[PDB]
Amino acid sequence: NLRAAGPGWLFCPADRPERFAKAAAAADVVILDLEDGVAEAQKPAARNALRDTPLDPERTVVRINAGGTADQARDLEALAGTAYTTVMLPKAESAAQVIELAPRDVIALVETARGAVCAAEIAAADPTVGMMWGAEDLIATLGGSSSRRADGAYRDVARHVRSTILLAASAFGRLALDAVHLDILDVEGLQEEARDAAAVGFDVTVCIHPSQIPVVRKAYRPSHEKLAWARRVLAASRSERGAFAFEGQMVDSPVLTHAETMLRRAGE
Amino acid sequence: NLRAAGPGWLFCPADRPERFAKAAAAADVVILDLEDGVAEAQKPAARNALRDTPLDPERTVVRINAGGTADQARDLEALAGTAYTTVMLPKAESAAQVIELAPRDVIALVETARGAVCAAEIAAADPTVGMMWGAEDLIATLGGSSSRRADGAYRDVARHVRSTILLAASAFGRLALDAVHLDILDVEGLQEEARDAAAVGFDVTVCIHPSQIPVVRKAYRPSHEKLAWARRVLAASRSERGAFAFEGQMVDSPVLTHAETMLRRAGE
Amino acid sequence: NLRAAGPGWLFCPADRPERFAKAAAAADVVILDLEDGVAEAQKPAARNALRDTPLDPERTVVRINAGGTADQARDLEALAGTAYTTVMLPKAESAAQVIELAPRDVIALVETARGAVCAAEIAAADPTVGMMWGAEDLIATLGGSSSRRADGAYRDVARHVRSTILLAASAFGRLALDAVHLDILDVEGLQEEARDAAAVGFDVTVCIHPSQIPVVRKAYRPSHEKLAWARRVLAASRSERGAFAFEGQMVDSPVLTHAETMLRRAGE
Ligand SMILES: CC(C)(COP(=O)(O)OP(=O)(O)OC[C@H]1O[C@@H](n2cnc3c(N)ncnc32)[C@H](O)[C@@H]1OP(=O)(O)O)[C@@H](O)C(=O)NCCC(=O)NCCS
Ligand SMILES: CC(C)(COP(=O)(O)OP(=O)(O)OC[C@H]1O[C@@H](n2cnc3c(N)ncnc32)[C@H](O)[C@@H]1OP(=O)(O)O)[C@@H](O)C(=O)NCCC(=O)NCCS
Ligand SMILES: CC(C)(COP(=O)(O)OP(=O)(O)OC[C@H]1O[C@@H](n2cnc3c(N)ncnc32)[C@H](O)[C@@H]1OP(=O)(O)O)[C@@H](O)C(=O)NCCC(=O)NCCS
Ligand SMILES: [Mg+2]
Ligand SMILES: [Mg+2]
Ligand SMILES: [Mg+2]
């Protein structure tokens, strides 16, 4: 039940076991990384550390290597000596890549054009429990050079893939995870992203530094002004029958659902 | 031939029959609503109203309840006592949901992640004559809480689904209907939306208040500046062979088509 | 190997053979146009010009007419008398339209809703070596009247299709070609577009005037500021193993790939 954890998930390289406990303490869910966070020469040591420094398997996911690679094979061998049951699959590009990871639960990280093109097949695969997107491998594999424009906003194709993943995940009832914010000190930019992610239905914002978790948790709580409105409209709705105008707005079922969702997030 | 009616379509709850004639007078097409506009407890009375206060079936559509619901069964039973032949299907999620509504004409309202993912299949279904998108059920079903950002623009996933629906509809020659504007007094925002809808090829902007119709109709006629240009380029084109530069712009077939479409709209 | 040619491709109407050598001199690759650049009445003459005034077939593409048209038939007949082996297919709408052009290499120009819906199938077709998108026929066929909003940006549906084609192209290892800039003297607007195109992984910006070519070649060279950063981060990486923080940013494999890609571009 990762769907009950909290929105602040945190990457930690698997070759840094001295930080595992810190990460577990700071975050709702830790993603121990055997992939791009760790250099090739350091992967074997990272795998040893996984086995030798267990976190709670109910709140820890392991990002393994891409399908068909020698590393993934070594990863799955190492995982056989752990109690970890959920993995994150990078460069997820087909349903088959997820299905071969049975009986583990899988979070598919779509971060290539092929993955975007196949997002719905990947989402529908049986072991999938969530979908994440990655802007940086996406731009890298497209042969590009930057995921953001001068003003910091994501370039269109990244914005496009983010929506693609959110819909693919939601269409098949999977968790949706938003991309990492690479500018560590940029709490302002992270706050804006997290608030928007929360508004559109993402379940999680993945973080790369523990200082980011409190920003993400706060961002997933609706503002005082949003909560006041949620309260007002739901109260007025108790006296109405069908569509009605409230504070100049046409309100009915899905709008009341937004209000309920806001109060739910405030409560939990 | 809804195709031949104006762009101003107007929802009216079916449990408000004293407003039917008003709605029919103000709008090009009326959508009598048996779904979210009407509370569950009032649906039977709305169904009775549908039978007892008929509107011109050549300019009226009935939004029924979602596929697989007991409410949709009751709606279709009530529909049997009417002349209405076009229905709007909310939460359209598969070609099958549309096909089972034969022999009626169907406008598919895609307002869920699954709908967006399956948009093209829904558009290609035989009884489909139109596609609409719905931002609020979309966000609600995603688990989100806000369809628009602080400055009022639709969030990315809504913009994405809008374009998805326009393309799916056009690829199969269906009418495309743009989403409702819930801020009733926000004539400014409606105007902005409706002008853009007209410019990209939407056939209709759906309205929730009769005061919105005049705004939509005006927004769908190109501005004086656009029409002057259309006239100029087309005049110039009659003495042209192939691509040519007009007022510093490269002009060929599709640009001339744009100009003709403007003048056609001014004509209509 | 059009992939090894620069990013500056130039359309020239096939009924203007006195400009062929000029085109060839200015551009990296010339696209000789038998479609919309040429009026129907001038097409047979254009076809004679193609035969009578040959360009280097290793650096020339021919845009033929759409699938199923009498004009395409005549285009292919005319082409049998040339050494041209790559064609551009306008209004590309299915894999079948591409496959029937074997054994020639095909750049599929997607510029209709159907094309956008079928983009991945088109890209995957065996003869496809490139995908381009066309904003003006897109709006034209949707029944719209302008591809850009007041401030000059492309409307959403065009931005949507652009990303769609970039992903489809890249998912199947095809060249990705960005859309023409119709405002000839707007070199500032072209610069912005081309820089973004290069940043997200487009291989080509297609031009309609030889004055645009220098702008495009310059835009595909990363700025002094970006190159400075690429040098720094890659130098720093040779001292690191795995993810590291550089100048406040989380850095790992794909980001370093971005840097390498910038330097590769500066080298070319
Ligand atoms: C980028 C990174 C290497 C920075 O290292 P750094 O220079 O040591 O960062 P800081 O100096 O700001 O460290 C601050 C504190 O937080 C800790 N910390 C930083 N990142 C951490 C992480 N991902 N997990 C656990 N603890 C972390 C540090 O250990 C340090 O703790 P301490 O002062 O109590 O000893 C680190 O943030 C990191 O590993 N991020 C994740 C990278 C990753 O996994 N990428 C793969 C997918 S994007
Ligand atoms: C939101 C709503 C309930 C507001 O009702 P309201 O409080 O009466 O709004 P107003 O006071 O501004 O109404 C003004 C006039 O316009 C009429 N009117 C308002 N909305 C109307 C509608 N959708 N159809 C017909 N007439 C309408 C009212 O009857 C009133 O007429 P009158 O003065 O001649 O008697 C109403 O706009 C409505 O029902 N909209 C449609 C809701 C819907 O169908 N949602 C589902 C799909 S999104
Ligand atoms: C738009 C167009 C007709 C402009 O005509 P124009 O008025 O003659 O252009 P200019 O006056 O700026 O010409 C300037 C010079 O560039 C040349 N030139 C302009 N466009 C050229 C082209 N597409 N190919 C080769 N040479 C071109 C002209 O011959 C002229 O050369 P010169 O004066 O050194 O002898 C011409 O640019 C053109 O044909 N563009 C392509 C249209 C097209 O192919 N559309 C279909 C796909 S989008
Ligand atoms: Mg990655
Ligand atoms: Mg709805
Ligand atoms: Mg075209």
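First listed ligand is number 1; within each ligand, the first listed atom is number 1. Naming convention: chains lettered A, B, ... in sequence-line order (proteins, then strands); numbering from 1 in each chain. Because only heavy atoms are used, hydrogens play no part in the values below, and waters and symmetry mates are left out as well, while side chains stay in.
- At least one protein heavy atom sits closer than 4.0 Å to atom 39 (O) of ligand 2.
- Here the protein heavy atom with the shortest distance to atom 5 (O) of ligand 2 is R19(B) NH2, 4.4 Å.
- Distances below 4.0 Å separate heavy atoms of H209(B) from the following atoms of ligand 2: 9 (O), 10 (P), 12 (O), 13 (O), 14 (C), 16 (O), 19 (C), 20 (N), 37 (O).
- Note on the Mg ion (ligand 4): protein N, O or S atoms under 2.8 Å away count 2, no waters included.
- Atom 27 (C) of ligand 2 has its closest protein heavy atom at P210(B) CD, 3.4 Å.
- For the side-chain contact (heavy atoms from CB on, under 4.5 Å) test with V215(B), the passing option among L190(B), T205(B), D186(B) is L190(B); the others fail.
- Of all the heavy atoms of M250(A), the ones lying under 4.0 Å from any atom of ligand 2 belong exclusively to the side chain.
- No side-chain heavy atom of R74(B) sits under 4.5 Å from any side-chain heavy atom of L34(B).
- If you look at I208(B) next to ligand 2, the close heavy atoms, those under 4.0 Å, come from the backbone and the side chain alike.
- The closest approach between a heavy atom of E35(B) and any atom of ligand 2 is not below 4.0 Å.
- Those atoms of ligand 2 with a heavy atom of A243(A) less than 4.0 angstrom away are 3 (C), 42 (C).
- With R174(B) contributing its side chain and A123(B) its backbone, the two residues share a donor-acceptor pair below 3.5 Å.
- Nearest protein neighbour of atom 7 (O) of ligand 2, counting heavy atoms only, is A245(A) CB, 4.7 Å.
- For the pair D156(B) and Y154(A), the minimum side-chain heavy-atom distance is 4.5 Å or more.
- Looking at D183(A) and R148(A), no side-chain N of the basic residue comes within less than 4.0 Å of a carboxylate O on the acidic one, giving no salt bridge.
- Residue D33(B) approaches ligand 2 through these ligand atoms, each under 4.0 Å from one of its heavy atoms: 46 (C).
- The salt bridge (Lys or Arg N to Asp or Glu O under 4.0 Å) test applied to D15(B) returns no partner, not counting sequence neighbours.
- Dense packing is recorded around CZ of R51(B), with more than 12 heavy atoms of other residues, nucleotides or ligands lying under 6.0 Å away.
- Atom numbering of ligand 2 starts at 1 in the shown order; those under 4.0 Å from a heavy atom of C12(B) are 24 (N).
- Using a 4.5 Å cut-off on side-chain heavy atoms (C-beta onward), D75(B) and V62(B) make no contact.
- Under 4.0 Å is where a charged nitrogen must lie from a carboxylate oxygen, and between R47(B) and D71(B) at least one such pair does.
- Of all protein heavy atoms, the one closest to atom 31 (O) of ligand 2 is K22(B) CE, 3.3 Å.
- For atom 35 (O) of ligand 2, the nearest protein heavy atom is 4.0 Å or more away.
- Residues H181(B) and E193(B) have side chains that bring a donor and an acceptor to within less than 3.5 angstrom of each other.
- Using a non-hydrogen distance threshold of 4.0 Å, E18(B) does not register as a contact of ligand 2.
- Among all protein heavy atoms, the one lying closest to atom 23 (N) of ligand 2 is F11(B) O, 2.9 Å.
- When each atom of ligand 2 is checked for a heavy atom of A23(B) under 4.0 Å away, the hits are 24 (N), 25 (C).
- Residues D36(A) and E136(A) are not in side-chain contact: their nearest non-hydrogen atoms beyond the backbone lie 4.5 Å or more apart.
- Of the protein's heavy atoms, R16(B) NH1, 3.2 Å lies nearest to atom 3 (C) of ligand 2.
- The environment of CZ in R232(A) is crowded: more than 12 heavy-atom neighbours from other residues, nucleotides or ligands sit within 6.0 Å.
- Classification of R63(B) and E35(B) as a salt-bridged pair holds, one side-chain N sitting under 4.0 Å from a carboxylate O.
- With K91(A) as the partner, the side chain to side chain donor-acceptor pair (under 3.5 Å) test is satisfied by one option alone out of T69(A), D137(A), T141(A): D137(A).
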